[PDB]
Structures are given as C-alpha cells and as structure tokens.
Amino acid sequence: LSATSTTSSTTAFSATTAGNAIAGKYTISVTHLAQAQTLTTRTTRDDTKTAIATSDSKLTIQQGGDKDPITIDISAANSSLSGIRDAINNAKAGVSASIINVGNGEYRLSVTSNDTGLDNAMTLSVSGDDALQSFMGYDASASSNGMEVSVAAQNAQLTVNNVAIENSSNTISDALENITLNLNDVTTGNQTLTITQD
C-alpha cells in the first residue's frame, strides 16, 4: 500500500520495490556476479553434419540443486554436431546448446545452463558410445572430460548493510523484503542504494 522510489550511487546495481519496502540508505558491496555454466567441447569437428557416434546412445544431463536428470536419445545418424544441438535444444532440459565455428574449418559444441547459479552447474554423460562420451562428456570429478568449463557457474555474492548474501541470480528479489536488486557489476568502495517513501 506504501510506494517507494530508489536511487543508486553506481550503474553497478539498481533496484525496484514492491509495496511497504523500508525507506532509507542501504550500503551495498557486490563482490561477484552470478554466472551460468558453459561447457565447450575441448576438441573440434571439421563439420556439423557427420555423425560422431557409431551406435545409438543416451545423453544424460543432470543439474545440481536436487533437479531430476534428463535422458535424451541420440541415434547414430543424429550424433552429428547439428544432430546433438537439435536434440538437446528440443529436450527443454534447462540447458541450451549451440555450435561455434572457431575458424580454420573447425566447429565446437557449447552447452550452457539457462539459469545462473552454482546449483545450475551440470553433468553430461553419454552411455552406449565411447567416441561421443569422450567428445562431449563432462563430470567435475573426472580427470579427463570431453567438455571444458568455458564459463564457471557462479553465485552472486554481496553484502547489504553488512549482511552477507549469496544468490543463484543477479536478479535478486528473494533476499530482501519487498526489494528487487539487479546486479550489473562488481563494485568498488562505498556504494549505496537509497530508498525513499513517496
């Protein structure tokens, strides 16, 4: 019922408010932005159309935060870069695949989680085909993997009025009552968010 406006010392963050947000000055220090994991094949193919697997296979995609594993069927015919990209994207597995032409007639496969957060980090495993498993597999606890981490999963980390706060997201509306905090950048020095009763 009670409306408020916000002002910020930096482009590093802004904020909007729901009703009944507490007016006043908030000291905000942002030390890390949330990041969505991206895994990229450490090796390349010379095209997007040649099958990589010789058998049909099953891709398992498992995220953290107690989410259900998704198993996708990939026929030998569809074990090409395009085939796998399409099969992942069509699965709606909370991850998204794309192809990168890195030049020199070489292509990489990238898989990115749709949501930022440590809990949105992912495991990828392929059963029923060695070549594809070793091309595309990723397990953080394995020494050799087909994927490398090109973008680390990461949580936002900030302090608000000296209270330490971690969050899966750079859009934070679950931490502070009736405030939504949007993090655009890590901060330096004293930065403040000002909330005034209308």
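We number the residues from 1 along the sequence you see.
Of the two segments, 175-183 and 19-27, the one listed with the higher mean B-factor is 19-27 (C-alpha atoms only).
Here the stretch with the larger average CA B-factor, out of 101-109 and 68-76, is 68-76. Within the selection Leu118, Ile84, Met122, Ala91, the deposited Cα B-factor values reach their highest point at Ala91.
Of the candidates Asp46, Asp139, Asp130, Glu148, the deposited coordinates give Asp130 the top C-alpha B factor. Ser57 sits in the highest third of its chain by CA B factor, as recorded in the PDB entry.
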